[PDB]
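Below: one protein chain in two forms, given as structure tokens, structure 1 then structure 2.
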Structure 1
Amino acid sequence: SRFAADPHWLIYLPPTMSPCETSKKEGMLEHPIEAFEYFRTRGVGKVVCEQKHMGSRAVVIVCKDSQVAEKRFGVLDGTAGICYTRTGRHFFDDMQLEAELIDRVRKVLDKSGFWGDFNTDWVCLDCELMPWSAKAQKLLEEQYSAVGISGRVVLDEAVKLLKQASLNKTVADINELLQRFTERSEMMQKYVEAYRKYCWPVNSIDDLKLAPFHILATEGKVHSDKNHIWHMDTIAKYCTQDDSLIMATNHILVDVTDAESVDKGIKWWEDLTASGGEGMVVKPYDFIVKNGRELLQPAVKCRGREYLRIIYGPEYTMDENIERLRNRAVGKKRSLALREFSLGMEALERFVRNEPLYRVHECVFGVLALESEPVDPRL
């Protein structure tokens, strides 16, 4: 929409996610073994593996009706739910498509007896929304297919002027912004290839698939105390039965200590990524886990070789020495993920407490601010 959703909707922002550690196996960057190892070693014996659908990140809030949205969330535009992205914006430019979605989820919940069983008139769901292409992104079009003078040429001429203005006495980090701007654009192109196989045009709401993995919060409770089997199960019971549009998430339970179990987890992953699939997310059985003083990653992504080849570029390939630089890059991402995760959880807790909105947003904005830090975009 060019604008963040109504800030009254923004009670949560999904954290960023660390990848596993660099695979020892030849030709491999990421592998289920490093993923499982990280947990087994940190004292966690059971993890849940969830298939990554491809797949855009979506937060979905559903109220029983408009009044509840006005009363509980303080939104005055008369919408009874919202589907927003990871940066706060509305997923769909079309207020009719989004709203159409909400209704679809409201009814399924109605036939589900969800509102009663949970004693609530609203719900916040952490979701993946398919297809990937349904998410509107104007980088590629605007920048690589301009209607008049080529996007890149306008970019270069526009940049040259920036350089000149910067030299003005009334005003050098400048060179960074073009790079951060171009790398964003370059990344995006690769993603299009990676998801090409799993993207189809959406002429109606029927084209959409929505697969929620977290029931984050309802009236009076942030469900960060429920293990992920509970999340997968509860979501299935209450959401996935009735309606095609709502999807169940393929997952497996793995015992990181048990050789037979881990191997089944590997063959599962291998199977998911054989045709370019993104991979899976490995989460500790419990939503929140501590190993002594230290909190542990709530999730660890493990991505397919073919997928990762498109993302890194098949040209990249190398190298042994470079990998050392990757691991350090992994460490930053972990510290970052933890903090974003904690800020995201606190926001929900503050909102559920009925605390002032600005305190909720204090956390919510912290997530957004942490994502401002520079990091390896590929991981």
Structure 2
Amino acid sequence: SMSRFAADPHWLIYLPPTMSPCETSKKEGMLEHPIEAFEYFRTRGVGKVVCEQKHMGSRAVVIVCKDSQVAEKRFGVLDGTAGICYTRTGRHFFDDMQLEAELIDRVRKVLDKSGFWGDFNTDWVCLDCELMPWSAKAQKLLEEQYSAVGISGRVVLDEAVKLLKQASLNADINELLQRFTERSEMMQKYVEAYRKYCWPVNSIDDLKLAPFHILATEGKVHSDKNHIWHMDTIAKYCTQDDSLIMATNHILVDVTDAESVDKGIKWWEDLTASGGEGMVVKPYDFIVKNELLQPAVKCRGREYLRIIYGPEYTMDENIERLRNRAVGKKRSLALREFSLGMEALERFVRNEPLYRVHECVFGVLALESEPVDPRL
């Protein structure tokens, strides 16, 4: 939203794919539960899956070059910058070129620290990340309103139960419910606004950056490495010594073994019940087969979904079946977009002409115009 600057096309070597949850959990009062995501991957014979914490913010592709002379020779960028931080739609995340420049050099340092450039034999890197504008304004504004809906919501159930008992032996009650309605709808728009980055941050201290893929370095697309390699390699090479770049909370799960799977459901219920948005389940290996397999499945906590979905969180058999249809329509977009993204990277890495790279990149962008369920 404040992401309003178009980016130099020379930087757009990749666009992130969309993602979908699993078919509506058949648990009562639940729309998404870890068991479906797990089932999905067992049935298609995967066995080991990685569960990563679904950071609540915006997706951000981050490219970092050693210097501005690298963005010239390697990317063809001429405006004298040495990196970029763009959203899922090819726009600069930040309406502020300096804040961005600061974030970039900030990562550049931690890489310099970890001698990353040498060990990967590369003078540049592309990272797939979640960026969270966790400014104080935001935190407070979100928490207090959640609190408000929580209070007003209970005050409803309490006064309503009373009203029942007393009539088993109508004025303020709707006012307490109308109140709850507003508090909730407001809470909806807040998360909406926050996730699209409509509330700009003042300083780089209000930012948390959580990389979860190391997409590419000089002469290689690391789509062969597994998602633990990613988690670990990332955590080591660019999480140390900076509060701004954070390692991600994860857990390896054996979807065959009901022992790892129960520890998994627990782990999910924990961070889901301590504020987390949810988790993204990924097949231990980056690209998975037999048909292509979703590169990730989003499993989101009840509390989060109750906000996003609104009163239509609870649904009947037919509105449910529709969600399952939508889940399908999205799973296909996800696959197509995912392949385009991958090919795009591949092409760029082997030094093909940029129009070839963009053939794929703008392909992802094209597909993103296709209609889907925003709630998915």
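Each residue is numbered by where it sits in the sequence of structure 1, with counting from 1. For clarity, a rigid core is taken as the largest C-alpha set superposing within 1.5 Å between two forms.
**Student:** Please look at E219, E142, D110, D233 and say which one has a C-alpha shift reaching 2 Å or more between structures 1 and 2, core superposed.
**Tutor:** Single hit from the list, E142.
**Student:** Honestly, after the rigid core fit, is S133 moving at least 2 Å at Cα between structures 1 and 2?
**Tutor:** Result for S133: yes, a 2 Å-plus shift.
**Student:** Under a superposition restricted to the rigid core, does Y191 display a Cα displacement of 2 angstroms or more between structures 1 and 2?
**Tutor:** Yes; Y191 is a residue whose C-alpha shifts (by 2 Å or more) between structures 1 and 2 when the cores are overlaid.
**Student:** Following rigid core alignment, is the displacement of the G277 C-alpha between structures 1 and 2 equal to or greater than 2 angstroms?
**Tutor:** For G277, whose C-alpha is compared between structures 1 and 2 after core superposition, the shift is 2 Å or more.
**Student:** On a rigid core superposition, how far has the CA of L357 moved between structures 1 and 2, in Å, if you could check?
**Tutor:** That residue's C-alpha sits 0.4 Å away in the other form.
**Student:** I322: how big is its Cα shift between structures 1 and 2, in Å, with the core superposed?
**Tutor:** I322 C-alpha displacement between structures 1 and 2, core-aligned: 1.2 Å.
**Student:** State the core-superposed CA shift for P201 between structures 1 and 2, in Å to one decimal.
**Tutor:** Value for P201 between structures 1 and 2: 6.9 Å of C-alpha shift.
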